[PDB]
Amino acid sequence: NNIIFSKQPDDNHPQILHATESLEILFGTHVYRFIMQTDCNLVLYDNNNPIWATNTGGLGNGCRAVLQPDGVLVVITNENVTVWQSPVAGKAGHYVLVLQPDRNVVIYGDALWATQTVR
């Protein structure tokens, strides 16, 4: 899976990456994995090399990453303490985070247009 959808009451999923869960895609000889680790660090790996992280290892147990409806990605511990947030917020709406073939992780939104074909 390549995408997390912002919290919303519909069956778009995933909306949460719990500990041990990840986005992953393949490019060439590279696996890119964006994973909420059991030590509370959310990391992007290119094969076994860490390329970017929230640097929150050791802050909590049972952490999850959630994308809020204003586009902010947060990591929250199992006691419900937010230990990291992305730094820019948008208008409330619907957003997606995508792990992309170019190795960038990008949050896009809000939604500009849709077919309106839910169901």
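Numbers follow the displayed sequence, beginning with 1.
Stretches 82-90 and 55-63 differ in mean C-alpha B factor, with the higher average recorded for 55-63. Averaged over CA atoms, B-factors in the entry run higher in 15-23 than in the other of 92-100 and 15-23. The PDB entry assigns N1 a C-alpha temperature factor belonging to the highest third of its chain's modelled residues. In the PDB entry, a CA B factor belonging to the lowest third of its chain's modelled residues is recorded for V31.
Sort the modelled residues of the chain by CA B factor and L42 lands in the lowest third.
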